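Asker: Protein chains in written order, with full-length UniProt numbering: chain A, 116 to 173; chain B, 346 to 517; chain C, 346 to 517; chain D, 346 to 517. To start, I am sharing the structure in question, which I have written as structure tokens.
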Ligand SMILES: *[C@@H]1O[C@H](CO)[C@@H](O)[C@H](O)[C@H]1NC(C)=O
Ligand SMILES: *[C@@H]1O[C@H](CO)[C@@H](O)[C@H](O)[C@H]1NC(C)=O
Ligand SMILES: *[C@@H]1O[C@H](CO)[C@@H](O)[C@H](O)[C@H]1NC(C)=O
Ligand SMILES: *[C@@H]1O[C@H](CO)[C@@H](O)[C@H](O)[C@H]1NC(C)=O
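Written as structure tokens, this is what we have:
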């Protein structure tokens, strides 16, 4: 990955002082969710970032 | 209080003194009298009257500056602005604290020195005619009427014409 | 050393003095004795005990600041951050240097003044009974036993009852 | 002028003095003579010779900094750079003003103290043989030839061998 303005995001996340993540109900209609790749191996199989949803065509 | 005059060997202020800052209380045959020394009071007041204009001349004039209050959270640039303002505030607060402490210390030493200088000047006028009793008060060893006392306060005390009588009174 | 007492007319410290900072060494018919003056030592220690809490009250509390170490080279913003930090460091280093120099100078002047104040207080107790030999040591001109000496150190020296004998010894 | 020696009880400088800063003018039967005191002059000069290297050790070395002059108008970043530079300039200007004021005050007090210290040292050499006339000038009460005077200036004045004659001249 790559973070444009990486310093700013790191700074504000550090200042917030928490990684508390509240899952919201997003409704992605007509696309495949939970995309993954073999570069990011979660468990034995392919995976992805746990806080990001890779939407592909359905 | 570097010289030990004020809060030292004087040991007490005079709330009845309203004429000036430093002065004399004399007691002789005629009766007790009190006066203030204008020269020492004026010197101390002159040295105190400024004392803050001589370092911080005045207020400099600032018109357009950075923003110091922010609504959202941007990141690097807001962090830098907050840091710059906090650094400036801390440095100027330290400057204020140190300046006030130094000025207060010097003012106290200055007034103590003026008291000591008045005492020494008076002691030097009374070369051998008087003895310092140690509580900041001189014992003069001859008939010294109000004209004599006002000559002491004036600075024109003629020590030569009382030297014989004073020396006879002291050493018998 | 503004008053010339310490490293001035005293000319020597007393490594055998462990009781206090300032004190007396007396020598009379009975024999040499030594004591320390608690009042002057306590005054100097009290004036020294703080002396840094009165300007820099304490450490202020800083939590989130700018970045001060950088991996890559960005340009304007990194230059500004480096400049701000370098400016703050230089200003605080100067503050530290000047503060320490001023405090050291005042401490030295303060201890010198306390020594001079003790000397002058003692000299004023011995109005005409003693003569200052100039090396910081008084020659008393009468039988002065250990009770006499401890009265001098106490501050209750009764100069009136030795005045005749002392004056006779001095001026013959 | 905390001690009132210079511009105080001395009341006048000596433009004819080129040998040193502090010195003596003696007058006896042989004739008027003048000399300079090397020890006090050297002490004052030594204390003055630095006095600025002891706070600002030297010039620090700055190579690449921010831009301080701008052609166009950008906005936030230019405002921040201008603000940072103006803050640094104001803080350093205040540092310069306060430092120079403090150093000047201490230099004046230092030279006054050296004058007072020389006066007191001389007065302590002449234990009972001389009287302070109050204008910073001692009246010695015995035959004191040029060898006597140079012994006073030397610091080896033998007060014991003139004590009887001096006391007889003073108190008759
Ligand atoms: C994190 O916290 C949120 C709410 O506090 C909760 O819903 C979620 O299950 C938590 N997840 C983990 C891994 O603790
Ligand atoms: C004080 O002295 C001045 C000059 O030395 C003289 O003119 C005056 O009469 C004296 N007495 C006062 C001011 O009471
Ligand atoms: C010292 O003086 C105090 C009061 O002036 C007195 O009580 C004491 O007995 C004296 N002698 C000492 C403390 O040795
Ligand atoms: C001054 O004193 C020193 C030592 O005390 C002596 O050697 C010298 O001869 C004296 N006279 C001078 C330097 O004229």
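Using N, Cα and C, we set each Cβ at its ideal position, and we do this for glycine too.
Does the beta carbon of residue 333 of chain D fall short of 6 Å from some heavy atom of ligand 3?
Answerer: Lying before the first or after the last residue shown, residue 333 of chain D is absent from chain D, which here runs from 346 to 517.
Asker: Could you name each continuous alpha helix (DSSP H) segment of 4 residues or more that falls completely within the stretch 440-499 of chain B, going from the start of the chain to the end?
Answerer: Within the stretch 440-499 of chain B, the complete alpha helix (DSSP H) runs of at least 4 residues are 491-499.
Asker: For the stretch 468-498 of chain B, enumerate the residues whose C-beta is nearer than 8 Å to any C-beta of chain D, in chain order.
Answerer: Correct list: 469, 470, 472 and 473.
Asker: What residues of chain C sit near residue 521 of chain B, judged by a beta carbon separation below 8 Å?
Answerer: No answer is possible for residue 521 of chain B: the residues shown for chain B start at 346 and end at 517.
Asker: I need the boundaries of the beta strand (DSSP E) containing residue 416 of chain B, first residue and last residue.
Answerer: Run containing residue 416 of chain B: none; DSSP gives neither H nor E here.
Asker: Using the DSSP secondary-structure output, state which residues sit across from residue 435 of chain D in a beta bridge.
Answerer: Bridge partners of residue 435 of chain D: none, in fact.
Asker: Check each candidate in C:412, C:395 and C:377 and name the one with the smallest Cα separation from residue 129 of chain A.
Answerer: When only C-alpha atoms are compared, the closest one is C:412.
Asker: Report yes if the CB atom of residue 123 of chain A is closer than 7 Å to the CB atom of residue 420 of chain B, and no otherwise.
Answerer: Their beta carbons are under 7 Å apart, which means residue 123 of chain A touches residue 420 of chain B by this criterion.
Asker: Output the distance between the C-alpha atoms of residue 414 of chain D and residue 407 of chain D, rounded to the nearest integer angstrom.
Answerer: Whole-angstrom Cα-Cα distance: 17 Å.
Asker: Is it the case that the CB of residue 491 of chain B approaches a heavy atom of ligand 2 more closely than 6 Å?
Answerer: No; taking the cut-off as 6 Å, the Cβ of residue 491 of chain B has no heavy atom of ligand 2 nearer than that.
Asker: Is residue 499 of chain D near ligand 4, in the sense that its beta carbon is under 6 Å from a heavy atom of that ligand?
Answerer: Flag set: Cβ of residue 499 of chain D near ligand 4.
Asker: Taking contact to mean 3 or more Cβ pairs, one atom from each stretch, closer than 8 Å, check whether the stretch 487-495 of chain C and the stretch 425-434 of chain B are in contact.
Answerer: Contact fails: fewer than three Cβ-Cβ distances are below 8 Å.
Asker: For residue 381 of chain B versus residue 365 of chain B, is the C-beta distance shorter than 7 Å?
Answerer: Contact: yes.
Asker: Determine which residues of the stretch 407-421 of chain B have a Cβ less than 8 Å from any Cβ of chain A, and write them out in chain order.
Answerer: Answer set for the stretch 407-421 of chain B: 418, 419, 420 and 421.
Asker: Using a Cβ-Cβ cut-off of 7 Å, state whether residue 384 of chain C counts as contacting chain B.
Answerer: No, because no Cβ of chain B sits closer than 7 Å to the Cβ of residue 384 of chain C.
Asker: DSSP three-state call for residue 153 of chain A: helix, strand or coil?
Answerer: Residue state, collapsed to three classes: strand.
Asker: Following the continuous alpha helix (DSSP H) through residue 392 of chain C, name the residue where it begins and the one where it ends.
Answerer: Taken as a continuous stretch (DSSP letters only), the alpha helix (DSSP H) holding residue 392 of chain C covers 383-394.
Asker: Pull up the distance between the alpha-carbon of residue 447 of chain D and that of residue 400 of chain D, whole angstroms please.
Answerer: Near 12 Å, if we compare the C-alpha coordinates of residue 400 of chain D and residue 447 of chain D.
Asker: For residue 130 of chain A, decide whether its Cβ has a neighbour in chain C, counting only Cβ atoms nearer than 7 Å.
Answerer: Yes, because at least one Cβ of chain C sits closer than 7 Å to the Cβ of residue 130 of chain A.
Asker: Can you give me, in chain order, the residues of the stretch 419-442 of chain B that have a beta carbon less than 8 Å from any beta carbon in chain A?
Answerer: Answer set for the stretch 419-442 of chain B: 419, 420, 421 and 424.
Asker: Taking 7 Å as the CB-CB cut-off, is residue 369 of chain D touching chain B?
Answerer: No, no contact with chain B.
Asker: Under 9 Å, CB to CB, which of the residues in the stretch 346-366 of chain B have a partner in chain C?
Answerer: Cβ contacts with chain C: 346, 347, 348, 349, 353 and 354.
Asker: So, under 8 Å CB-CB, residue 504 of chain C and residue 472 of chain C are touching, yes? Tell me the CB distance rounded to an integer number of Å.
Answerer: Correct: roughly 5 Å between the Cβ atoms.
Asker: Quick one: which chain C residues come within Cβ less than 8 Å of residue 516 of chain B?
Answerer: What residue 516 of chain B touches in chain C: 512 and 516.
Asker: Express the C-alpha separation of residue 404 of chain D and residue 356 of chain B in angstroms, rounding to a whole number.
Answerer: Roughly 49 Å between the two C-alpha positions.
Asker: In its own chain, which residues sit with a C-beta less than 7 Å from the C-beta of residue 474 of chain C, not counting the 5 before and 5 after it?
Answerer: The residues are 485, 486, 487, 504, 507, 508 and 511.
Asker: Could you work out which residues of chain C lie near residue 122 of chain A, taking near to mean beta carbons separated by less than 7 Å?
Answerer: The contacting residues are 412.
Asker: For the putative contact between residue 383 of chain C and residue 436 of chain B, defined by C-beta atoms under 8 Å, what is the C-beta separation to the nearest angstrom?
Answerer: Contact doesn't hold; Cβ gap of about 42 Å is too wide.
Asker: Name, please, each residue of chain B whose Cβ falls closer than 7 Å to the Cβ of residue 134 of chain A.
Answerer: Chain B residues near residue 134 of chain A: none, gap ~17 Å exceeds 7 Å.
Asker: Looking only at its chain, what residues have a beta carbon closer than 7 Å to the beta carbon of residue 422 of chain B, apart from the 5 residues adjacent to it on each side?
Answerer: Counting only Cβ-Cβ distances below 7 Å, and skipping sequence neighbours, we find nothing.
Asker: Measure the C-alpha to C-alpha separation of residue 372 of chain B and residue 354 of chain C and round it to an integer number of angstroms.
Answerer: Cα to Cα, the separation comes out at about 37 Å.
Asker: For residue 370 of chain D, name the three-state secondary structure that DSSP assigns.
Answerer: In this structure, residue 370 of chain D counts as strand in the three-state DSSP scheme.
Asker: Name the one or two DSSP bridge partners that residue 379 of chain B has.
Answerer: The partner list for residue 379 of chain B (beta bridge, DSSP) reads B:370.
Asker: Would you call residue 513 of chain B buried or exposed, if buried means 16 or more other Cβ atoms sit within 10 Å of its Cβ?
Answerer: Counting Cβ neighbours within 10 Å, residue 513 of chain B comes out exposed, since fewer than 16 surround it.
Asker: Starting from residue 391 of chain D, find everything on chain C with Cβ-Cβ shorter than 7 Å and list it in chain order.
Answerer: Correct list: empty, because the minimum Cβ distance to chain C is about 12 Å.
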